[PDB]
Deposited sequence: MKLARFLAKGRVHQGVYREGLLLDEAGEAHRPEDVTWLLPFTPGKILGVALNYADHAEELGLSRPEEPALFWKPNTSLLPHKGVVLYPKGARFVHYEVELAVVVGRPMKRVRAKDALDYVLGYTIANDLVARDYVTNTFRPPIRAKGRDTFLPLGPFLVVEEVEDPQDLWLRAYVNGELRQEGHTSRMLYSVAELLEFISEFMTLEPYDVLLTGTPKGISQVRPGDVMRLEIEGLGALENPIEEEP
C-alpha cells in the first residue's frame, strides 16, 4: 500500500492512497486537490550517495538536514542570486528495522518501503568535492520527499524507471538498474559503522541529465510505482 499524510480542516490524517483517492483512518475518502499534502512520515537521519550513476572504491556519503525536507506541492526556494540550481530525481529508501553490521544479502529484509526524493543542489556554492556540500545541498526546502511511503509493492529497487518533468515537458529519463552501488550494498556499507534506525532515509543518487531549473518552474518527478512528486519554485 501507499501510505500518506495530509492536513484537512485542521486535522492531520495518516491515510492510504487507492484509485486516486486518499482514505483516512476512519475510511473516509479525500480528493488530493482538497487536502494539503505533508511528508508521508517523519524521517530520522537522511544520507545520500553522490556519483552513484554511470565505480568509486567507496560510497561518497553526504547529509541532508531535516530542515531541507519539503512535502509534495511544497514550494522550493531558489537561492537569491544563484545561477546553477539543479534538481535530482532519486529513489529514497526508508529503513524499517534497526540496522547494524547487516550483510548486503539481508539488507532488503530491513527496508520499510520507498518514496521519491528531489535532491536539489546549487552548484554555484560548490568549488569541488573536497568538503561536504552542505551549503549547496542542505538548504531549506531543498529536499522534496514523497508523496507516498510505498510498502510491499516494489519487487526490486534496482529495476525502476525514473522520470522528471519541468513545466510538463519531460526534461529527463533513466533507470535505477544503472546504479553503481545498489541499495543492498549501500545499506551494508553504511550499517557497518553506523546504526540505521526505523524511518532513517537513504538517497540513492540520480543519473546526469538536463536538470537546471529557474524561478517559476514546476518540477514533477516520477518513479515506477511510486507516484509523482511535484514542486514549483520561487525566489527567496
{"item": "Missing stretches, numbered from 1 on the deposited chain sequence and kept in order", "value": "55 to 63, 246"}
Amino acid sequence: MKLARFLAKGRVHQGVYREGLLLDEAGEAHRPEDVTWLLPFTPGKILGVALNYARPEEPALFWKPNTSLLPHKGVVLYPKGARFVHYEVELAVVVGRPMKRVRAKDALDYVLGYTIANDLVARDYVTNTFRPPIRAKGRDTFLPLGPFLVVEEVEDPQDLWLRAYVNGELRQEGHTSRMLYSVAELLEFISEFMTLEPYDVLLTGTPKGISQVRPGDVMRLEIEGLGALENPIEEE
From here on, numbers count along this sequence of modelled residues.
query	finding
3 to 11 versus 227 to 235 - which carries the larger mean C-alpha B factor in the record	227 to 235
20 to 28 set against 217 to 225, stretch whose average Cα temperature factor tops the other in the entry	217 to 225
Options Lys100, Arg131, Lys137, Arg103 - largest CA temperature factor per the record	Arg103
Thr36, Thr195, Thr67, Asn167, ranked by C-alpha B-factor: the highest one	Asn167
For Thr176, the third of its chain into which the C-alpha B factor falls	highest
Ranked C-alpha temperature factor of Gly48 among modelled chain residues, by third	middle
Ranked C-alpha temperature factor of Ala54 among modelled chain residues, by third	highest
Ranked against its chain, the third holding the CA B-factor of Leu145	lowest
CA B-factor ranking of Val85, expressed as a third of its chain	highest
